[PDB]
Structure formats: structure tokens, C-alpha cells
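In what follows, every heavy atom counts, from backbone to side chain, and hydrogens, waters and symmetry copies are set aside. If you read the sequence from its start, that first residue is 1, and numbering goes on from there.
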Amino acid sequence: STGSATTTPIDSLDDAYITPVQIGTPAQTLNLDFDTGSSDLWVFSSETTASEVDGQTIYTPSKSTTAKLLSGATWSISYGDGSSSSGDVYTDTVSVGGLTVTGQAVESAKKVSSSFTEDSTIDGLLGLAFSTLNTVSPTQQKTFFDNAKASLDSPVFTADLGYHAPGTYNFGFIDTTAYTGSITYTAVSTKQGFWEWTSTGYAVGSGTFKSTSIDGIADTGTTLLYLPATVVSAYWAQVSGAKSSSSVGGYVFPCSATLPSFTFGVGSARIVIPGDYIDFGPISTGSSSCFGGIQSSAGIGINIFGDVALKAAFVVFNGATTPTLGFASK
């Protein structure tokens, strides 16, 4: 089998992407944030504290004839941005772009933190990291990809995120019309439960390539590109008027400045992030100060190849017995 679904930015800055997902019988369609940095599929629901729901579409398991309570199961997750959610668990039928999993763990939120309530466009998350990170207790549950894998024509999914435009998540096949040149594959460590890999270096604009190992994760659920402070400093030093603002919480720059591209290495291959991808607009309405899309990972504890990086590529998440990652230009 295969599946193919369009993913759409939630706003004009690509702050996140939402993908429609069918849950239950008859189908209830929710728009979920596909997140290769986590491993829980959780939704706003009929069980979510009413004061914590504000415009989201909810899953109502009682209206689904295929929903079954996963008795005794609870879940609770906290993300890197300090947001969180928790609740209980149903199994139900879940379909993404034509691909159907029966008995998928659907984690029903009883509680969500403020940032989730405040974002009316995201109805939940669909985790695509490794199932070892799944938070369901007492019995860890598998991701949608893990459950689908054996049925797929090929045990892979691909992320093709758009710049200020929709893109595509495919399951079970590689669309050879969706990228230019060849796909370069690179090794993955699953030891932290992430699609963790080692970039071979970077360049700033037309500058020469610096060969240096950068360990990080391919994370569709993180908006920006987070790299070591040395790397990030070298980038913003090439932007007139840029500075790191503690009050803002990272690098900002005047919107009158031209942003250089940023190149990262995948083996001997190179992915070029155009300068425009690194502009995340005024820090506040009417401000001449713009937020940068490349920021320091210092104090995160890991480097994150978020959407800023991934949307410059066609990315293969290869879930073969030994997982790997593939990157192509497009």
C-alpha cells in the first residue's frame, strides 16, 4: 500500500504545517501537525477541558463505531518549547492520504497547555519519530508509520515541505518526479529515539564550505534551524545589522538587510537553504526588526534540522531494518 497527503502551512511564515487525517468510522477529519521529532498521535477531543478548546476540530470517540477504549492507558508529553498535553487512549482506524491503519492508538487529550489552545489551526500531532519515545503507559504504543510499515510497498515515508506553499507527505514510495539530481543517504542513530544524523559541514552564502561534523535531528515539528553557536554566529556576521537579542530570545535583523543562503552537507552532497527561507518577519506588528530562522541550539542539548532546513530538500525517512535518511535538492 501507499499513502499521499498534502501538508499546508498554518500561516504566511510557515510556522508549522498541517495535514488532514481521517480518524474513526464515519471519518472525523482533523488537521494534525506531522512531527518527526515525537512519537505520540494525540488529538483535541470531546474529552478536552472545555476552557482549553478554542476553535480546534475535536475527535469524539463515542461517535466512532470502531473506537475502543485502551483500558487503563494514559499519556503525558512535554515538548522542547515547554508546551504539553495529556489524557487517555483509544484505538481506532486512522487514514492518511489513502493509507489506512486499523487499531492505531489515538491519544485523546484531557488537558493541553496554552500554546496549543491558542493555535486554532492545529487539532493535534501525529508523531513520526521512533516508537521508543511514545509516552503511553503502561503499554507503549506504536506510531502510525510503525503500524503501517509492513503493509507499505517500501518501508519509507518522505517529507516534501513547501516554502510559503503546500507540500507533500508520502508513505510507502519515493516520488522520483519530486526532486532533482540524486538522493544522498546518510546514517541514522536511533539511540535517542530521533531521526538523528551527522551533517558534514556548512557554508554561508557564497563562502567556502567548512567541513565539520554536526550531529542533529531531522524534525518536521520544529520550525527553525538550530545549530551550534559558532555556526550561527558565522551566519549572522554576514548580515548587516544583525544581532542576538536576549529580550527577543535570539538573532534578529533589519528587514532592509539581504539574507545569504545557508548550505549544509549531506555526505559529499549539499543542500542550499535560500536566504528568504531564513526570514520569519517582524518580531511584532510594525517592527523593523525581523526574526531569524537560524538560531543557536546552545542549551537545547541537540542540534535541530527543523522546517527551515528540511523545506529546502526532498527528505526520505527510511525505516528499513537499519534506518537511514535521504536528502535531495528540489
Side-chain angles (χ1 to χ4, degrees), residues 14 36-37 80 159 161 163 179-189 192 194-220 222-242 244-246 248-254 257-280 290-318 323-330:
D14 300 341
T36 64
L161 304 177
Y163 167 68
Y179 57 88
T180 66
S182 59
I183 305 184
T184 298
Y185 289 86
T186 195
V188 163
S189 169
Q192 295 191 96
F194 302 117
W195 295 90
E196 190 176 358
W197 64 290
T198 300
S199 172
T200 49
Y202 71 100
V204 179
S206 59
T208 59
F209 187 87
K210 173 82 170 171
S211 290
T212 184
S213 297
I214 304 172
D215 295 339
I217 66 164
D219 186 1
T220 61
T222 289
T223 308
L224 308 181
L225 173 55
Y226 295 89
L227 294 171
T230 48
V231 179
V232 177
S233 184
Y235 178 78
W236 288 108
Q238 298 303 311
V239 181
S240 172
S244 186
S245 166
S246 66
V248 170
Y251 284 91
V252 296
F253 66 99
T258 286
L259 296 184
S261 61
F262 184 91
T263 300
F264 63 96
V266 184
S268 54
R270 305 288 179 252
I271 301 292
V272 179
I273 304 170
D276 285 337
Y277 290 27
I278 299 164
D279 180 8
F280 278 77
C290 283
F291 204 61
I294 297 179
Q295 299 293 346
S296 178
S297 64
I300 299 179
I302 199 155
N303 301 301
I304 309 168
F305 294 87
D307 299 335
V308 163
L310 303 181
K311 78 177 76 170
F314 179 85
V315 188
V316 182
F317 296 78
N318 170 29
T324 63
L325 276 171
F327 294 82
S329 300
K330 64 185 185 189

Validation row: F280, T223 side chains within 4.5 angstrom (heavy atoms): yes

Side-chain donor/acceptor of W236 to backbone N/O of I294, under 3.5 Å: yes

Minimum-distance pair of heavy atoms, taken over all atoms of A257 and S240: CB-O, 3.7 Å

Sidechain-backbone polar pair: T36 side chain, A218 backbone, donor-acceptor under 3.5 Å: yes

From CA spacing to verdict: side-chain contact (heavy atoms from CB on, under 4.5 Å), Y235, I278: CA-CA 11 Å; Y235 178 78; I278 299 164; 3.4 Å; yes

Pair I271-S329, side-chain contact (heavy atoms from CB on, under 4.5 Å): steps then yes or no: CA-CA 6 Å; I271 301 292; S329 300; 3.9 Å; yes

Closest non-hydrogen atom pair between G292 and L224, with its separation: O-CD1, 3.8 Å

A328 to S182 - nearest heavy-atom pair and separation: CB-O, 3.6 Å

Straight-line distance of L325 CG to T198 OG1, nearest 0.5 Å: 10.5 Å

Would you tabulate the side-chain donor-acceptor contacts of residues 302-315 under 3.5 Å, counting partners in other chains and residues two or more places apart, or write 'none'?
| from | atom 1 | to | atom 2 | distance (Å) |
| --- | --- | --- | --- | --- |
| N303 | OD1 | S297 | OG | 2.6 |
| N303 | ND2 | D215 | O | 2.8 |
| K311 | NZ | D14 | OD2 | 2.8 |

Value rounded to 0.5 Å, distance of CD1 in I300 from CG in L227: 9.5 Å

Expected output: side-chain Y251 to main-chain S296 donor-acceptor under 3.5 Å: no

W197, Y185, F317 screened by ring-ring contact (aromatic ring centres under 6.0 Å, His included) with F327, the one that passes: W197

Residues which pass side chain to side chain contact (heavy atoms under 4.5 Å, CB included) with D279, listed by chain and number, not counting sequence neighbours: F253, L259, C290

Sub-4.5 Å side-chain heavy-atom contact between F291 and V252: yes

Heavy-atom donor-acceptor pair, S189 side chain to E196 backbone, under 3.5 Å: no

Separation of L161 CG from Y163 OH (nearest 0.5 Å): 14.0 Å

Heavy-atom pair with the smallest gap, counting every atom of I214 and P228: CG2-CD, 4.1 Å

Minimum-distance pair of heavy atoms, taken over all atoms of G37 and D219: N-OD1, 3.2 Å

Enclosure of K330 NZ (heavy-atom neighbours >12, cutoff 6.0 Å): yes

Parallel, tilted or perpendicular: ring planes of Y202 versus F262, cut at 30 and 60 degrees: parallel

Under 3.5 Å: donor-acceptor pair, side chain of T200, backbone of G267: yes

